[PDB]
K.L.:
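This structure is in structure tokens; I'll ask about it shortly.
Counting from 1, the numbers follow the sequence of the chain as shown.
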Amino acid sequence: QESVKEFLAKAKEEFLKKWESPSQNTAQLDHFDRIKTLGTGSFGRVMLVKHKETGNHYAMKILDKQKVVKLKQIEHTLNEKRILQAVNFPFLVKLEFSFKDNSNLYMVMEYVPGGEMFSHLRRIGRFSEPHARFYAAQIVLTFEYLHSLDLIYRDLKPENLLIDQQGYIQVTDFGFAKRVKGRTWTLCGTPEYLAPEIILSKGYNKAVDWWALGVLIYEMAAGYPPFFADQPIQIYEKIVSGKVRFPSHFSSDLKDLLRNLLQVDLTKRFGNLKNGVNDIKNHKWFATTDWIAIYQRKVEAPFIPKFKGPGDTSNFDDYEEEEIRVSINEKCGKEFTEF
Ligand SMILES: N[C@@H]1CO[C@H](CNC(=O)c2ccc(F)cc2)[C@H]1O
């Protein structure tokens with residue numbers, strides 16, 4: 001379809017111009033008031049902040065340079081910021097500013113007050129097939145966009161899908177995203193979502209994102225993931241086995257799509273065949289989906305999150321509030337020169 005082809009050609013031109021000349025140093029810490037911690041991690045946290053002059057709210061991701069180095073995430077952190085400042089798509093959280101100081105790296109993103117898909121899924125138990133299909137269609141279009149730019153995402157899971165005020169998805173956390181034209185080798189991702197070729201230490205490609213979509217659709221429609229077990233070693237054994245059990249309430253069309261996404265042989269997996277993404281878009285499970293209307297945000301969403309305004313944090317959870325310290329001496333300057 002020439003209209004999709006010309007869309008993706010323009011998308012790649014615009015991405016490459018920003019990729020080749022990344023923006024740097026577009027804000028500073030004392031232009032923001034700190035409001036609340038929204039999430040934590042091994043080397044960083046995300047905080048709700050308010051810009052002092054405009055009053056706008058943002059989600060500020062703060063990474064400690066010394067911890068990034070110790071946990072061997074330097075390349076990944078540079079990938080994350082360089083990719084985020086270059087992309088533009090309706091279902092991706094937008095990077096608004098970035099900067100660094102003696103101690104930390106900062107990525108200031110749009111704030112999405114509806115919270116994570118994960119919270120809403122675990123509260124209701126499972127989504128109906130139409131509800132799962134609405135979110136799945138947005139991921140299919142997002143992966144078509146990213147893959148056309150030679151980007152692998154590598155972190156699909158319900159916690160990384162935020163729900164906006166119109167009920168649409170915004171994908172966040174580009175910590176494992178990478179520009180890859182062929183194969184890549186790093187072990188990364190949450191256990192339940194890993195493709196077999198990652199578990200087996202192979203050189204793998206963008207087909208791992210389509211496997212992860214299969215896991216996400218199964219979990220949305222069942223309420224639990226397909227390879228669930230109590231410990232990672234047992235999860236990994238189930239993933240590599242080539243078997244799955246579907247609930248009887250799944251439609252036949254859903255089962256068929258999932259068998260083709262959760263295909264252990266990556267050379268036979270939907271999304272990775274000669275027709276690429278069109279084997280997924282044209283599948284019977286998606287027959288009711290108007291792909292253009294989803295992209296244009298014209299479909300009424302199945303669920304509108306409840307929140308009081310752009311400063312409401314009620315859909316995120318509570319964490320111990322810790323200082324943001326900035327040393328008087330510069331740390332790890334060489335490693336993060338390009339940030
Ligand atoms: N666990 C670590 C700390 O929290 C990170 C993920 N959270 C976001 O990316 C985010 C949250 C809300 C929002 F409005 C925008 C972005 C993760 O790396």
K.L.:
Using a strict threshold of under 4.0 Å (side-chain N to carboxylate O), is an ion pair present between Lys157 and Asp173?
P.N.:
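Salt bridge between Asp173 and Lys157, a charged N being under 4.0 Å from a carboxylate O: no.
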
K.L.:
Are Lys281 and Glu144 close enough for a salt bridge, meaning some N to O gap below 4.0 Å?
P.N.:
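Yes, charged N to carboxylate O under 4.0 Å.
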
K.L.:
So, taking the atom named CG in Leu258 and the one named NE2 in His283, what distance separates them when rounded to the nearest 0.5 Å?
P.N.:
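Going from the CG atom of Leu258 to the NE2 atom of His283 covers 8.5 Å.
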
K.L.:
Is the shortest side-chain heavy-atom distance between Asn205 and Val180 below 4.5 Å?
P.N.:
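Heavy-atom side-chain distance check fails, nothing below 4.5 Å.
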
K.L.:
Any chain of hydrophobic side-chain contacts (each under 4.5 Å) joining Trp211 to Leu187?
P.N.:
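Yes, same cluster.
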
K.L.:
Any chance you could lay out the side-chain contact (heavy atoms from CB on, under 4.5 Å) test for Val244 and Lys238, step after step, and finish with the verdict?
P.N.:
CA-CA 8 Å; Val244 174; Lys238 291 176 177 297; over 6 Å; no

K.L.:
At their closest point, which heavy atom of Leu262 faces which heavy atom of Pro226, and how far apart are they?
P.N.:
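Closest heavy-atom pair between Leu262 and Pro226: CD1-CG, 4.2 Å.
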
K.L.:
Do the side-chain N and O atoms of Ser251 and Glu129 include a donor-acceptor pair separated by under 3.5 angstrom?
P.N.:
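Checked: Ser251/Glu129 side chains pair up, N/O donor to acceptor below 3.5 Å.
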
K.L.:
Do NZ/NE/NH1/NH2 and the carboxylate oxygens of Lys52 and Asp30 come within less than 4.0 Å?
P.N.:
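Looking at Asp30 together with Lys52, the answer is no, because their closest N to O distance does not fall below 4.0 Å.
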
K.L.:
Taking 4.0 angstrom as the limit, do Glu338 and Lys81 come out as a salt bridge?
P.N.:
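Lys81 and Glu338: not salt-bridged.
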
K.L.:
Look only at the side chain of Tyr204 and the backbone of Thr186, and say whether a donor-acceptor pair between them is shorter than 3.5 Å.
P.N.:
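At least one qualifying donor-acceptor pair exists.
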
K.L.:
Taking the side chain as everything from C-beta on, heavy atoms only, tell me whether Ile163 gets closer than 4.5 Å to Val112.
P.N.:
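When only atoms from C-beta onward are counted, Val112 and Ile163 do not touch, as no gap falls below 4.5 Å.
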
K.L.:
Using a distance-only test with no angle check, is there a side-chain donor-acceptor pair under 3.5 angstrom linking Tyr193 and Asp155?
P.N.:
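No, no side-chain donor-acceptor pair sits under 3.5 Å.
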
K.L.:
Which value, rounded to the nearest 0.5 Å, describes the distance between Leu121 atom CG and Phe303 atom CZ?
P.N.:
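The distance works out to 11.0 Å.
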
K.L.:
Please report the shortest heavy-atom distance between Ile304 and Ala301, naming the atom on each side.
P.N.:
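Looks like CD1-CB, 4.3 Å.
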
K.L.:
Got a second to check how far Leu261's CG is from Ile280's CD1, nearest 0.5 Å?
P.N.:
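Taking CG in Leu261 and CD1 in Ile280, the distance rounds to 5.0 Å.
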
K.L.:
Restricting to non-hydrogen atoms, name the atom on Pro90 and the atom on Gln170 that form the minimum distance, rounded to 0.1 Å.
P.N.:
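Smallest heavy-atom distance, with atoms named: O-NE2, 2.8 Å.
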
K.L.:
Between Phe250 and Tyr218 (judged by ring centroids, cut-off 6.0 Å), do the two rings come close enough to count as a pair?
P.N.:
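Distance test on ring centres: under 6.0 Å, yes.
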
K.L.:
Hydrophobic clusters here meaning ILVMFWY residues chained together by side-chain heavy-atom distances under 4.5 Å, can you tell me if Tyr319 and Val46 are in one?
P.N.:
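No, separate clusters.
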
K.L.:
Without hydrogens or angle criteria, can the side chains of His147 and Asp209 be said to hold a donor-acceptor pair below 3.5 Å?
P.N.:
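Short answer, yes.
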
K.L.:
May I have the list of side-chain donor-acceptor pairs in residues 15-22 shorter than 3.5 Å, sequence neighbours left out?
P.N.:
none

K.L.:
Is the shortest heavy-atom distance from the side chain of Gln263 to the side chain of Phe270 under 4.5 Å?
P.N.:
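A side-chain contact is absent here, since even the closest heavy-atom pair is not under 4.5 Å.
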
K.L.:
Are the side chain of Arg179 and the backbone of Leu149 linked by a donor-acceptor contact shorter than 3.5 Å?
P.N.:
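Yes, the answer is positive, given that a donor and an acceptor are paired below the 3.5 Å cut-off.
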
K.L.:
Under a 3.5 Å distance rule, please check whether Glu321 uses its side chain to pair with a backbone N or O of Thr37 as donor and acceptor.
P.N.:
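Judged by distance alone, yes, a pair lies under 3.5 Å.
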
K.L.:
Does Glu116 reach the main-chain N or O of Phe118 with its side chain, forming a donor-acceptor pair under 3.5 Å?
P.N.:
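No; judged by distance alone, with no hydrogens or angles, the pair does not exist.
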
K.L.:
On the six-membered ring of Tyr168, is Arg297 placed so that its NZ or CZ lies under 6.0 angstrom from the centre and within 45° of the ring axis?
P.N.:
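The answer is yes, since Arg297 meets both limits relative to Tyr168.
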
K.L.:
Output yes when a side-chain donor or acceptor of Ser119 lies under 3.5 Å from a complementary backbone atom of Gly115, and no otherwise.
P.N.:
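Not confirmed, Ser119 side chain does not pair with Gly115 backbone.
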
K.L.:
If I take atom CG from residue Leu95 and atom CZ from residue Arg82, how far apart are they, to the nearest 0.5 angstrom?
P.N.:
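Going from CG on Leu95 over to CZ on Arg82, the span is 14.5 Å.
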
K.L.:
Is there a side-chain contact (heavy atoms from CB on, under 4.5 Å) between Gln138 and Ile294 once you walk through the steps?
P.N.:
CA-CA 7 Å; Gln138 294 170 63; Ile294 292 286; 3.8 Å; yes

K.L.:
Hey, do the aromatic rings of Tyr111 and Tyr58 have their centres closer than 6.0 Å?
P.N.:
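Not close enough - the centres of the two rings lie 6.0 Å or further apart.
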
K.L.:
Nearest heavy-atom pair of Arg183 and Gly203: which atoms, and what distance?
P.N.:
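For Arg183 versus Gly203, the nearest heavy atoms are CB-C, 4.1 Å.
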
K.L.:
Calculate, to the nearest 0.5 Å, the distance between atoms OH and CG belonging to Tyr135 and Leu216 respectively.
P.N.:
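It is 11.0 Å, given to the nearest 0.5 Å.
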
K.L.:
Would you mind checking if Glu323 and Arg34 are paired as a salt bridge, meaning a charged N to carboxylate O distance below 4.0 Å?
P.N.:
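Salt bridge flag = no for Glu323 with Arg34.
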
K.L.:
Look at the side chain of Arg269 and the backbone N and O of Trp210, then say whether any donor-acceptor pair between them is shorter than 3.5 Å.
P.N.:
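Between the backbone of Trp210 and the side chain of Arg269 there is no qualifying donor-acceptor contact (under 3.5 Å).
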
K.L.:
For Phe97 together with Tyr106, are the ring centres under 6.0 Å from each other?
P.N.:
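Not close enough - the centres of the two rings lie 6.0 Å or further apart.
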
K.L.:
Within the structure provided, determine whether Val93 and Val171 are in side-chain contact (heavy-atom separation under 4.5 Å).
P.N.:
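No, every pair of side-chain atoms sits at 4.5 Å or beyond.
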
K.L.:
Give the intermediate values and the outcome of side-chain contact (heavy atoms from CB on, under 4.5 Å) for residues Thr142 and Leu92.
P.N.:
CA-CA 8 Å; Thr142 300; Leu92 294 178; 3.5 Å; yes

K.L.:
Would a line drawn from the ring center of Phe339 to the ring center of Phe99 be shorter than 6.0 Å?
P.N.:
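Judged by ring-centre distance (under 6.0 Å), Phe339 and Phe99 do not meet the cut-off.
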
K.L.:
Look at the side chain of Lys61 and the backbone N and O of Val108, then say whether any donor-acceptor pair between them is shorter than 3.5 Å.
P.N.:
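No, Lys61 side chain to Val108 backbone: no donor-acceptor pair under 3.5 Å.
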
K.L.:
Can you find a heavy atom in the side chain of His76 that is under 4.5 Å from one in the side chain of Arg154?
P.N.:
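Of all side-chain heavy-atom pairs linking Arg154 with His76, at least one is under 4.5 Å.
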
K.L.:
Over all heavy atoms of both residues, which pair between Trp285 and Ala136 is shortest? Give the atoms and the distance, please.
P.N.:
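In this case the closest contact between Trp285 and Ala136 is CZ3-CB, 4.1 Å.
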
K.L.:
For the aromatic rings, using the six-membered ring if either is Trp, is the centroid distance between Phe91 and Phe143 under 6.0 Å?
P.N.:
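Centroid distance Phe91-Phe143: not below 6.0 Å, so no.
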
K.L.:
What I want to check is whether the side chains of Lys12 and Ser148 have a donor and an acceptor closer together than 3.5 Å.
P.N.:
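No, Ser148 and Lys12 have no side-chain donor paired with an acceptor closer than 3.5 Å.
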
K.L.:
As a quick check of understanding, evaluate side-chain contact (heavy atoms from CB on, under 4.5 Å) for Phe176 and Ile152, giving each step before the final call.
P.N.:
CA-CA 8 Å; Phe176 299 147; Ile152 317 181; over 6 Å; no

K.L.:
Strictly distance-based, threshold 3.5 Å: is any side-chain N or O of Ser103 a donor or acceptor partner for the main-chain N or O of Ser327?
P.N.:
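Side chain of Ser103 to backbone of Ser327: a pair is present.
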
K.L.:
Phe7 and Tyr295: aromatic ring centres closer than 6.0 Å?
P.N.:
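Between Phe7 and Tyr295, the centre distance is under 6.0 Å.
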
K.L.:
Look up atom CZ in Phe307 and atom CG in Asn315, then write down how far apart they are to the nearest 0.5 Å.
P.N.:
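Between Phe307 CZ and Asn315 CG, I get 8.5 Å after rounding to 0.5 Å.
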
K.L.:
Between the side chain of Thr26 and the main-chain N/O of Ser98, is any donor-acceptor distance below 3.5 Å?
P.N.:
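The answer is yes, because a donor-acceptor pair under 3.5 Å joins these two groups.
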
K.L.:
Using 4.0 Å as the upper bound for N to carboxylate O, is an ion pair formed by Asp33 and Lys50?
P.N.:
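Salt bridge absent between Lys50 and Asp33.
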
K.L.:
Give a yes or no on whether the backbone of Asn278 and the side-chain of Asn275 come within a donor-acceptor separation of less than 3.5 Å.
P.N.:
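Pair absent, no side-chain N/O of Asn275 close to backbone of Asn278.
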
K.L.:
With hydrophobic residues grouped by side-chain heavy-atom distances under 4.5 Å, do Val299 and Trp291 end up in a single group?
P.N.:
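Yes.
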
K.L.:
Is the shortest heavy-atom distance from the side chain of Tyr153 to the side chain of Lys178 under 4.5 Å?
P.N.:
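No, their side chains stay 4.5 Å or more apart.
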
K.L.:
Could you tell me whether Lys331 and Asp64 make a salt bridge, using a distance below 4.0 angstrom between a side-chain N and a carboxylate O?
P.N.:
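The answer is no: the pair does not qualify as a salt bridge.
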
K.L.:
For the residue pair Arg45 and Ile324, establish whether any side-chain heavy-atom pair is separated by less than 4.5 Å.
P.N.:
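Counting from C-beta outward, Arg45 and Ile324 do come under 4.5 Å.
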
K.L.:
Can you name the closest pair of heavy atoms from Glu197 and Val264 and give their distance?
P.N.:
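So the minimum-distance heavy-atom pair works out to OE1-O, 4.3 Å.
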
K.L.:
Any heavy-atom pair between the side chains of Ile74 and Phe336 that's under 4.5 Å?
P.N.:
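Sidechains of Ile74 and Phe336: in contact.
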
K.L.:
Within a reach of under 6.0 Å around NZ of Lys36, are more than 12 heavy atoms found that belong to other residues, nucleotides or ligands?
P.N.:
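Yes, the 6.0 Å shell around NZ holds more than 12 heavy atoms from other groups.
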
